[PDB]
Amino acid sequence: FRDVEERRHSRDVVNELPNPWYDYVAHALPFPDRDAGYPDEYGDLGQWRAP
Amino acid sequence: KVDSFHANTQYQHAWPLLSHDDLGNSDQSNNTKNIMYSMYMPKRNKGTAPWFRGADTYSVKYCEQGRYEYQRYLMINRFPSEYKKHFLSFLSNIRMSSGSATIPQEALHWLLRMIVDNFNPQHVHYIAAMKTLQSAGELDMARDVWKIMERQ
Amino acid sequence: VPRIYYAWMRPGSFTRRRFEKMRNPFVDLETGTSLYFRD
Amino acid sequence: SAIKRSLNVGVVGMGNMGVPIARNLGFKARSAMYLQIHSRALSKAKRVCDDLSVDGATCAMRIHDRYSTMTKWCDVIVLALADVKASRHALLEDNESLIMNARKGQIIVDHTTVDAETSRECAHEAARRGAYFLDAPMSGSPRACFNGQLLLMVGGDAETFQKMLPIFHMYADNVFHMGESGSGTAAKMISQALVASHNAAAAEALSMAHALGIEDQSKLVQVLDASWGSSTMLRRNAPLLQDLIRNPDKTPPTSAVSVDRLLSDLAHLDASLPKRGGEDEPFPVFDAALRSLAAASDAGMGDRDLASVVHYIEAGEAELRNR
Amino acid sequence: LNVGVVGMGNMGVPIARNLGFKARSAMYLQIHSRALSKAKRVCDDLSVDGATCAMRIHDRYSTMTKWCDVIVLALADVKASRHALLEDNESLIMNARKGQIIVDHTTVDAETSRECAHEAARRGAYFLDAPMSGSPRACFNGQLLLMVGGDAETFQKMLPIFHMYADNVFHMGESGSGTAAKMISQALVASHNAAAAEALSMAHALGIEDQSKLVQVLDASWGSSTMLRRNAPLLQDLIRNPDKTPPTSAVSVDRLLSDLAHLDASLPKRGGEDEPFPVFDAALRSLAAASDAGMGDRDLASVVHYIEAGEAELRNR
Amino acid sequence: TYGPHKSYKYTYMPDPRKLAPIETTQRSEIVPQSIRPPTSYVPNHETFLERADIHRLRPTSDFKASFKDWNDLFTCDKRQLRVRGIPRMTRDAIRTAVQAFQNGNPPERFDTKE
Amino acid sequence: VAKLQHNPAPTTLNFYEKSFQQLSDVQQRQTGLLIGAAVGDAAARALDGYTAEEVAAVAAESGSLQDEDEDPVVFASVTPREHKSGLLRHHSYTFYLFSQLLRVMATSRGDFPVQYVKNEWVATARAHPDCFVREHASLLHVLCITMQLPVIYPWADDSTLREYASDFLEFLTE
Amino acid sequence: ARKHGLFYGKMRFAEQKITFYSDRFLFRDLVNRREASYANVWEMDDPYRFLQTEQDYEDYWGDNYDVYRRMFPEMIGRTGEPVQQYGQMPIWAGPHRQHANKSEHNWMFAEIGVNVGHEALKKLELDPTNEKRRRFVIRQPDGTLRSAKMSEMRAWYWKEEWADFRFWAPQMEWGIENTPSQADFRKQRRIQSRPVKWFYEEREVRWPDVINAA
Amino acid sequence: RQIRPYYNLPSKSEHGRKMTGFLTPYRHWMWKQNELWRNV
Amino acid sequence: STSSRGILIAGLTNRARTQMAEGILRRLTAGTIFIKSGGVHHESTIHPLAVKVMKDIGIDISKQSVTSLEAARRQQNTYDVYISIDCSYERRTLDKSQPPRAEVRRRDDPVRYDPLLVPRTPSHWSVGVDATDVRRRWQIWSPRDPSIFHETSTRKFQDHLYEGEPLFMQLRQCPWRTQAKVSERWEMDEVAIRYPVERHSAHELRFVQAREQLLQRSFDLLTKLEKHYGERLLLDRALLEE
Amino acid sequence: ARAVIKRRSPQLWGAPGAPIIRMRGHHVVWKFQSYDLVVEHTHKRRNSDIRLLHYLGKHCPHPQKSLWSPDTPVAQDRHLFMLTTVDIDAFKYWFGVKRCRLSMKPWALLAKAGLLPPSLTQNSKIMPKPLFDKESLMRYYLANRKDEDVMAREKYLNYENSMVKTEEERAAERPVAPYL
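Residues numbered from 1 in each chain as written, not as in the entry; some residues may be left out. Chains lettered and ligands numbered in written order. Part of a larger assembly, values for the part shown. Heavy atoms only, no water.

Caption draft 1: Spatial organisation of the overall build of chain H. When you go through chain H residue by residue, the secondary structure sums to six helices and five strands. Listing every helix and strand of chain H by position from the N terminus yields β-α-α-α-β-β-α-β-β-α-α. Relative to a compact globule of 214 residues, whose C-alpha radius of gyration would be 17 Å, chain H shows 25 Å and is clearly more extended. Looking at the 214 residues of chain H, the share that counts as buried comes to 41%. Carbon and sulfur atoms provide 53% of the accessible area of chain H, an area that totals close to 12600 Å². Charge centroids of chain H, computed over 35 positive and 33 negative side chains, lie 5 Å from each other. (Helix = DSSP H or I, 4+ residues; strand = E, 2+ residues; numbered from the N terminus. Rg over C-alpha atoms; globule rule 2.2 N^0.38 Å. Buried < 20%, exposed > 50% of the residue type's maximum accessible area, 1.4 Å probe, protein only. Areas by Shrake-Rupley, 256 points an atom, 1.4 Å probe, with all protein chains shown as cover. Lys, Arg positive; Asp, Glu negative; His and termini not counted. Charge placed at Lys NZ, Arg CZ, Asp CG, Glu CD.)

Written out as structure tokens, the structure reads:
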């Protein structure tokens, strides 16, 4: 099954096109690579729980 | 009969092009007569109104910052017992033998996680990573470990 | 009383003047109005 | 030369079966018509336009109150009134009637079921004026109009029929070209005669079932449907017929298609059949159905459903006795 | 269970063959006949074509009834059915067991079914009548209309047996409603055929030439019927060429009139001197006029020529 | 025109996506529903149903009269199965047995009632 | 101006028909070079070996035409002589070798060394030895392959483009 | 559009932000943007040169004009992004399962997690030039895998209802004030992108040496 | 779960399960055909 | 005089293949039996290539009309035959603007599979419903309904944009093919839509080759129907010799 | 392992067991019901403040009309839309390195995204399941068997490593004349 599928897939042209969802992983790190602005280290007027 | 009874009691004819407001104020023609009515509305709404911050933008610094420019250098402090525990754990993970369920790249991955966790890998960690990768035959990865040491 | 009552009925406003006209169809808007809200 | 434009199509009647046609055309035009909406009551026309607009159309709409504006604006007209007298008033008799005032190339189509001579005169005078006239009697309920399932029996030029097929297919599923100049009216006449005969037959059959002692009307309908004899009219009237027979005192409901409607339609047949010299009486069962429907109408039940014939079969027979 | 077929006319042999074929030795099969040689021939043919269950051959209703649980009659005429069921000395219903079931497929009068059901209930058995409509080839292929009338639980018990030779089986109610269903179906078929004749004759009178399109128009419009859908292609030629004799068909004017002959007996009273049956009576007039013209066995499409005569009796009577 | 604004195509200015057409497609376009013919093991629908009856709370064998034929049994979906008046568990058992037969697993399982 | 749809006309003809509208002015030509090269090669494929007189004969023989049915030459239905397999049934060997460079450039996302495609081209040559000998080191073959490079940066001086293409020409002429 | 008895108001500013008179650099930025901006932009100006076909002109200006003008606040020459397609991974099940993934509906998937879904980074996260796009994907009811169109991608963020009818970037000043000036992870990323067929085949690669022709 | 086909070894015990859980050699063979289709 | 209650010819479109099949069946039966051919989408017109190709054999379908079988759906229990003409599910494309895809070849440019590992559909199996077995369900949720106008109404296909939904279409199933006495499915590639670059001669050749298969299929159907009813239905029998 | 078992929600191998991708619902009428792809334990934890391991995404099982029809209309862009958000990086992490389990409903949903093959239970009713013969399979394997080194290198590229440098890249990285 695998070999027939692979030869068929190679001989097919459309499916040779790249697929970003299956090709790679982007940013496998624990934290974002840029600052989205957050966090806000300051409370709010309706907020009493300061720290 | 139901359609005969159900008339258009809901909608109203749209606004002409240069129509005024329901308070009579207008833009580009009626100036300094226009009044601000954002202070008559209730102070708080229990759910965003269709016009809640609909058009709101952010600085261009946000979209033109490079990657990892925002990370500030903070010195994480931990007990010496924690240091020993974590160093031994990382050394064991690096020295884990490949083939069964771990691949040689995993030694380099675990060396890099030490950096990403704000740990200072020791010469023993570097030696172990180089030894394991060389034993697995990944000489380019061993040189990558050496370059990581130098870059550190 | 609605929450926008003061904006609606502020003296000299378009809506206030329209209300004054509809209350007395032939006032003189320059002088025929009332400053206060009291009825 | 001319200028690229969206063909103007107008709808005249807007009765029970007229406003669904306009609604279908407005929904399915896709900004290709600039639809026109004529009505004697401009309040009625504006109501139709407002309801259609809030429900959401895909074309602009123009309200009309008098036939001259419709004549000068429309390129194609569809006319679906209640009675042949109103059809005549709009098409030929009125001072500003459409056919009497038709422009070169304009197209007119009628869905109202009118007489063969009326259709002949309409088409002839349209041809004299230079325009084109298709007599297109329709069959189907306003529900069928909403679903887009109507029969059209068009008689007229094949060229104009082919050109107008795209507009017919917006509210009519089964569209046939029966020929020219009254062929559609003849087909509709035959269809109405057949409907009357089959309705009478179904009423008598269900009365037989009740008399013989069958109360499983749904199972009887299933047997008939699977069997060698079964009519769409029986399938339509079976539940109401049983409900009405079982409690004989029950007054029939009122429906869009009524006994007076059938009688008016069959009057055109009575006029158009030949052999007046031989007093034109070769059709016994058709005569019997006509008798029963006439009795039902005379009983003050002419505005009700076709199923009312059950209570008036014997009244028609008594009238026959009176001969 | 033990199921036994007794009719063995022309339409009954397919029932026995189908029961034998689809039994698969799950239920025992019995065959009865007036003469033993005929039933021996039938069993020989069934075995040669494949028999799954041992088959027994009967000359006498006594053995037939005292052996099997279910009895299925598919006979020719009401008199034969009455002979089999009641009036015989070894009558099936008279000597019926307390629990055995008897089904009749021949088209008999509502009153006939009344006596049959009443006597079966007296003896404690369950009798439900299931008149059949279709062709012998339809029976061969296993398609039939059975409209059974009797006890609901017994009908449920009988479902599987019926499906061995029938496709569409319905329960019309209690106390012999199957005969009424068949009778009313025939009356309605006759009425629709008459109406189709009227419509096509009127179309020809009006002078509409293309009948191919008018057939679809009527079929897609209201008042459509299978009788029109059937007789139109022949009627078109038969009215434009009235000289040609209508062809013979398996379904005939004589058959329709014979099957309608039970309606008068099943209706309450005819002494009112009036017809609460305009359309049905008008159709009967034309059918009888066609039969009396020497056209009894010809097709149902012959009503066109004798519809005009269908007015003479209406005027005179 | 109908609207007060003789300048606007739609007087009520509906969202331009209110008028956006909605296309459609049926699962039949993608895959058909073939019917697996009766085998010698389950020659008819009643035999199929009695074979499927294994559970004391899923009396599939009580509804042999709820279907007309093999094809009627095999074509009726869950909605029509409920409409015919079958309990939830019996309905699910019938549907699952039919689908297993379709996938190639006949109703061959041990009756656990005893 | 929208006509009545008596038939189910397709809303869009091609997948990328509306996508080509969303390309900048220069990007339209950037893409057009590649797409037009592909279209021309696919149109010429059916008549690849035909001589001038034979293509004229094909045009003469296919003499049935409606208003704007088509020209018989663009996608001629004439039976080709050499039976091929894979992409060679629709494109020439030169375009086969062209498309691999297009793919390498696309995944590379800009200028790149020639080694990224040396081996793709070499595998193609090993797969089709006859076409490799027939079309290798040919001026037409090399130029047809190499017309791609400018689209990496549409406006670069002649010196920059020529130094960039020197490596590809080196390998294609070796 | 409006409904009955609701007395709608008027919004004077699109957003709440600091005025440009408060800083010398905001003032200069606004002056430069105004000089680079039109004052009244018409159907004939440069920003509409992408309506190269009469059908494009008619469809853009006739209906869905609100949609087109709202698809993007700024003024550009595209009003949208081109779509593209992805290859389906080989199904080792084969024709037994090739029927799957074909349905009656378009299935849209948008990526989330860290590094994705931030409003402040919206224009960078759905920029085609970014190595780390949000990777939206649409499966058509016929099984085709395609990318998302600009509006579908933009529908996964917070609403942004405003437009700029006069700033046209190409007419920005250049060469007077605007004179812009200037680890192995990049090599590793190029390696990732680079084809790797050579692994199966300084022993430099050469064209085949033809044997049959000798 | 494990399927108990009607035609595997039955345990003629009235103090427990009425069907054993063994299987005919055909059921052993066909189970592989299902196992393999699952393995791919 | 025939025992058949009628034959339906269902399709997705009623332009070319259904019209040609209706014409061939009508000619072979000599108009003695009822044939009704309908398609799910009626917004079409009989194809001029179909008309010309039918004339080339002698039958003029110019008089026929494109219509949907919504009327016959209500009566589906009465018709005896339910022929259904449709394309193959393997070459099917939901995009009309492309040629058909390639089938699955069983056992070198195409990959040929093993008949045991990739078995065909057993031919003795019947079809429950094909693409030609659906029915249009029109619907509309007007905002003039006070229950649909409310903010929390689910009779919408969106949210925050508008209320209700204008007239829209949905297709139901009609699993009643098997209620018919003779149901068959005919596999034929599309012919009514021209491929992107085809020329009129080839577009007509496709119609001709599809006409041949329709002719042979109709002949087989009529033979089996003759065996079914037992009567004679190939009354004409003038075309099969050629 | 309870004296009286939870009769309505039995499981395998005790608690909390292996992590699993399930398609969790909400206690709401179907008319508003929506699902969320979450990673959790086999025995659902309703004791700790941490109910789940990771939130992969959300699925709306109610089709939505294409609001984006005018934007560059492509083939069949007007068909109704089924909306879903999916965390592909976290899914790959938990699927590959953590070897968590996958339910059939999420498997079918993800097969639509090009992330996994069509499920084992997404079986077409038409093609019957295959029938295997050892002899035929052996004949095929021998007829077209790969060679040892190509097979091993494909396996190595797929599983062990994918950044293998060329001789050119090694030379580029190699240090130069001064050697400092």
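From this point, the narrative continues.
Caption draft 2: The arrangement of the interface of chain F and chain J in detail. Listed as interface residues are 19 residues of chain F and, on the opposing side, 28 residues of chain J. Taken together, the two surfaces of chain F and chain J that pack against each other cover about 2100 Å², and 59% of this comes from carbon and sulfur. Its largest share of buried area at the contact with chain J, chain F owes to F:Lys18, F:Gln26 and F:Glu29, together 29% of the area lost on that side. At the surface where chain F touches chain J, the tally comes to one salt bridge. Measuring nitrogen to oxygen at the nearest pair gives 3.0 Å for the salt bridge that ties F:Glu29 to J:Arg92. Between the two partners, chain F and chain J, sit eight residue pairs in polar contact. Secondary-structure elements contributing two or more residues to the side of chain F that touches chain J are helix 1 (27-30), strand 1 (33-35) and helix 3 (70-75) of chain F. Here the residues of the side of chain F that touches chain J are counted per class, giving six nonpolar, eight polar and five charged. (Contact = heavy atoms within 4.5 Å. Buried area = accessible area lost by both parts, 1.4 Å probe. Salt bridge = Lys/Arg side-chain N within 4 Å of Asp/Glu carboxyl O. Polar contact = N/O pair within 3.5 Å; in protein donor to acceptor, adjacent residues only side chain to side chain. Nonpolar A, V, L, I, M, F, W, Y, C, P; charged D, E, K, R; others polar.)

Caption draft 3: Layout of the arrangement of the chains. Across the 31 pairs of chains that are in contact, the largest number of contacts falls between chains D and E. At no point do chain A and chain F touch; the closest pair of C-alpha atoms across them sits 20 Å apart. With no contact formed, the shortest span from any C-alpha in chain E to any C-alpha in chain H equals 31 Å.

Caption draft 4: Quick look at the pattern of salt bridges. The tally for this structure, following the rule as stated, stands at 82 salt bridges over all chains. In this structure, D:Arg23 and D:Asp55 form a salt bridge, with 2.4 Å as the shortest nitrogen-oxygen distance. Of this pair, D:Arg23 sits in helix 1 (residues 19-28) while D:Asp55 sits in helix 2 (residues 42-55), and the two are 32 residues apart along the sequence. Here K:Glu40 ties to K:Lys44 by a salt bridge, and the two come within 2.7 Å at their closest N and O atoms.

Caption draft 5: Spotlight on a nonpolar patch on the surface. A grouping of G:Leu33, G:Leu139, G:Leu143 and G:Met147 is seen on the molecular surface, where their side chains present a nonpolar patch of about 380 Å² in accessible area. Structurally, the position occupied by G:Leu33 is in helix 1 (residues 25-44). (Patch = residues over 30% accessible without salt bridge, like charges linked within 9 Å, V, L, I, M, F, W, Y side chains within 5 Å.)

Caption draft 6: Quick peek at helix 5 (residues 88-103) of chain F. All names here are of chain F. The end-to-end C-alpha separation of helix 5 is 22 Å, in line with the 22 Å expected for 16 residues at 1.5 Å each. Buried within helix 5 are the following residues: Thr 90, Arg 91, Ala 93, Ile 94, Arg 95, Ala 97, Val 98, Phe 101 and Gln 102. Looking at the buried side of helix 5, the elements it contacts are strand 1, helix 2 (45-52), helix 3 and helix 4 (78-83). Among the residues trailing helix 5, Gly 104 stands out with phi positive, at a value near 110°. (Expected span 1.5 Å × (residues − 1).)

Caption draft 7: Main features of the sheet that holds strand 3 (residues 81-86) of chain J. All names here are of chain J. Within the open sheet, the four strands sit side by side as 2-1-3-7. Their pairing is parallel. Only two strands of the sheet have a single neighbouring strand rather than two, namely strand 2 (35-41) and strand 7 (185-187). Direction aside, neighbouring strands of the sheet carry axes that sit 20° apart on average. Relative to strand 2, strand 1 (residues 7-13) runs parallel, the two being bridged by six bridges. The residue bridging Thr 13 from the neighbouring strand is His 41, located in strand 2. (Pairing = 2+ DSSP bridges. Axes fitted to C-alpha atoms, helices over the stretch in contact; angles between N-to-C directions.)

Caption draft 8: Main features of the packing of aromatic side chains. Applying the stated rule across the entire model yields 53 aromatic pairs over all chains. Measuring from ring centre to ring centre gives 6.1 Å for A:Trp21 and H:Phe109, while their planes differ by 65°; the resulting arrangement is edge-to-face. Separated into two different chains, A:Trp21 in helix 2 (residues 20-23) and H:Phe109 in strand 3 (residues 106-111) make up a pair that spans both. The two residues A:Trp21 and H:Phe109 agree in class, both being buried. Ring geometry for G:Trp121 versus G:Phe168: centroids 6.4 Å apart, planes at 65°, classification edge-to-face. In this pair, G:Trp121 is assigned in helix 4 (residues 115-127) and G:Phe168 in helix 7 (residues 158-173), connecting sequence segments 47 residues apart. Grouping aromatic residues by their ring pairs yields a cluster made of G:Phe112, G:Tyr116, G:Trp121, G:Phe132, G:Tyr164, G:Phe168, G:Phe171 and H:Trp207. We note J:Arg206 situated over the ring of J:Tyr195; from NZ or CZ to the ring centre the distance is 4.0 Å. The aromatic ring of H:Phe199 is capped on one face by K:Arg153, whose charged end is 5.0 Å from the ring centroid. (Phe/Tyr/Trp six-rings, centres within 6.5 Å; stacked < 30°, edge-to-face > 60°. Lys NZ or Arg CZ within 6 Å of the ring centre and 35° of its normal.)

Caption draft 9: Representation of the sheet that holds strand 5 (residues 145-146) of chain H within the structure. Strands sit in the order 2(H)-5(H)-4(H)-3(H)-4(K)-3(K)-2(K)-1(K)-5(K) across an open sheet of nine strands; the sheet is mixed. Single-partner strands in this sheet number two, and they are strand 2 (85-86) of chain H together with strand 5 (101-102) of chain K. Bridge count for strand 2 (residues 35-41) of chain K against strand 3 (residues 54-59) of chain K is five bridges, and the pairing is antiparallel. Within the sheet, the bridge partner assigned to K:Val38 lies in strand 3 of chain K and is K:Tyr55. Helix 1 (residues 88-97) of chain K rests against strand 3 of chain H together with strand 1 (19-24), strand 2, strand 3 and strand 4 (81-86) of chain K of the sheet, and its axis sits at about 125° to strand 3 of chain K.

Caption draft 10: Highlighting the pairing of strand 3 of chain K. Bridge count for strand 3 of chain K against strand 4 of chain K is three bridges, and the pairing is antiparallel. Residue K:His59 lies in a different strand from strand 4 of chain K, and its bridge partner there is K:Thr84.

Caption draft 11: Layout of the environment of D:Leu194. With respect to the helices and strands, D:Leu194 occurs in helix 8 (residues 183-212). For D:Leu194 and D:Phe146, which are 48 residues apart along the polypeptide, the C-alpha to C-alpha distance reads 25 Å. The contact partners of D:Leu194, leaving out residues within four places of it in the chain, are E:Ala195, E:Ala196, E:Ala199, E:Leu218, E:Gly223 and E:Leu228.

Caption draft 12: Representation of the packing of helix 11 (residues 253-266) of chain E against helix 12 (residues 278-295) of chain E within the structure. Residue and element names in this part refer to chain E. Running from N to C, helix 11 and helix 12 point in directions that differ by 135°, and their axes come no closer than 10 Å. Accordingly, the angle class assigned to the pair helix 11 and helix 12 is oblique. Helix 12 is crossed by helix 11, and the crossing has left-handed handedness. Between helix 11 and helix 12, the contacting residues are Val 253, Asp 254, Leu 256, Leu 257, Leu 260 and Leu 263 on the first element and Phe 280, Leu 284, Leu 287, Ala 288, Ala 290, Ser 291 and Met 295 on the second. (Parallel < 35°, antiparallel > 145°, perpendicular 65-115°, else oblique. Left-handed = near helix turned anticlockwise from the far one by under 90°.)

Caption draft 13: Quick look at the side chain of E:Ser252. Residues and elements named next belong to chain E. Inspection of the secondary structure assignment puts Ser 252 in the loop between helix 10 (226-240) and helix 11. At a separation of 3.2 Å, a polar atom in the side chain of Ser 252 contacts the main-chain amide nitrogen of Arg 255. Those residues in contact with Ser 252 that sit more than four places away from it in its chain are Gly 296, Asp 297, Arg 298 and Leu 300.

Caption draft 14: Summary view of the environment of G:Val151. All names here are of chain G. Along the chain, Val 151 falls in the loop between helix 6 (139-146) and helix 7. Using a relative accessible area of 12% as the deciding quantity, one classes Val 151 as buried. With 10 residues separating them in the primary sequence, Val 151 and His 141 have C-alpha atoms 19 Å apart. Not counting residues up to four positions away in its chain, the partners in contact with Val 151 are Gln 30, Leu 33, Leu 34 and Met 105.

Caption draft 15: Representation of helix 3 (residues 80-95) of chain B within the structure. Residue and element names in this part refer to chain B. Spanning 16 residues, helix 3 covers 22 Å between terminal C-alpha atoms, matching the ideal 22 Å at 1.5 Å per step. Turning to helix 3, its buried residues are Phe 87, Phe 90, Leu 91 and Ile 94. For helix 3, the buried positions fall inside an angular range of 100° around the axis, keeping them on one side. (Arc of directions from axis to C-beta.)

Caption draft 16: Representation of unusual backbone geometry in the model. Each neighbour pair has its own omega, and for A:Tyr38 with A:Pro39 the value is 0°, a cis peptide bond. Within the secondary structure layout, A:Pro39 lies in the segment after helix 2. Across the junction of K:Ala15 and K:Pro16, the peptide omega takes the value -5°, indicating a cis bond. Relative to the elements of secondary structure, K:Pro16 occurs in the segment before strand 1. In this structure, E:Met8 is a non-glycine residue whose phi angle is positive, near 45°. On the secondary structure map, E:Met8 appears in the loop between strand 1 (2-5) and helix 1 (13-23). Of the residues examined, E:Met8 reaches a relative accessible area of 15% and is grouped as buried. With phi around 70°, K:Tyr179 is a residue other than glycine that occupies positive phi space. Take K:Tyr179: it is sitting in the segment after helix 5 (167-173).

Coordinates in, geometry out; function isn't part of it.
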